[PDB]
């Protein structure tokens, strides 16, 4: 399948060179996989989700995304026009309030909730969790991400936006999950992206068009935007049978475009997520 005039990040993950505008992908498109987006919520009624999104848990007064961030991330995972895995099932867990903030105890509870709730859902091709959030180092937050990964869920987390070593941030610094940096459309490390030895992979993160609240769209930037490209790619590859939740991050690194990014500090991987599609 081919989507013409796609957002640049979708084109980039299906190409070995920058500057293309078509997203090439297998028609299975993540069908039969499930992705939990742990964030400010998801506007499930947005037409771009086609009925495939549902809120399953909130830690605040409403399950509504009053911010937009969670709806943007979910759109990069799985919306029709803006998504990597266009037929996956999206589940929203609201651990962040409508200003985008949340306490660590609530974020940990939301991770432990997903590890249990996936056992009540029909996800025959596997389960992914996308965490476009973080803050300063906390061994407890890291331990919650490690538990979620151990339970059989592919965990992708944002590296953070401080132009610093991600070892000082959580859950970015948990080694067992998949920590995602950001790149721009000229194959530079995004100027805000964290870096360091804990990073596993880069994905597109600057000027990313996706869904927004009020049935709208908008373009924003962050490692929060790179993480759902990798979470969606994992769901897509699991549905194709190429990998499992336990080994998807390593499979994505092994099959990445290698050495194409500029402005990568020595000691950080130079790997850009790539779907290896061949018509």
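Positions refer to the first chain, counted from 1.
- Higher mean CA temperature factor, per the PDB entry, when comparing 263-271 with 6-14: 263-271.
- Higher mean CA temperature factor between 63-71 and 35-43: 63-71, per the PDB entry.
- Comparing the listed residues 206, 120, 89, 161, the entry records the largest Cα B-factor for 120.
- Within the group 83, 110, 171, 196, the record's highest C-alpha temperature factor is found at 196.
- The PDB entry assigns residue 54 a C-alpha temperature factor belonging to the highest third of its chain's modelled residues.
- Sorting the modelled residues of the chain by their CA temperature factor places residue 228 in the lowest third.
- Per the PDB record, residue ranking by Cα B-factor puts residue 192 in the middle third of the chain.
- When the CA B factors of the chain's modelled residues are split into thirds, the value for residue 210 lands in the lowest one.
- Sort the chain's modelled residues by C-alpha temperature factor and residue 245 lands in the middle third, per the entry.
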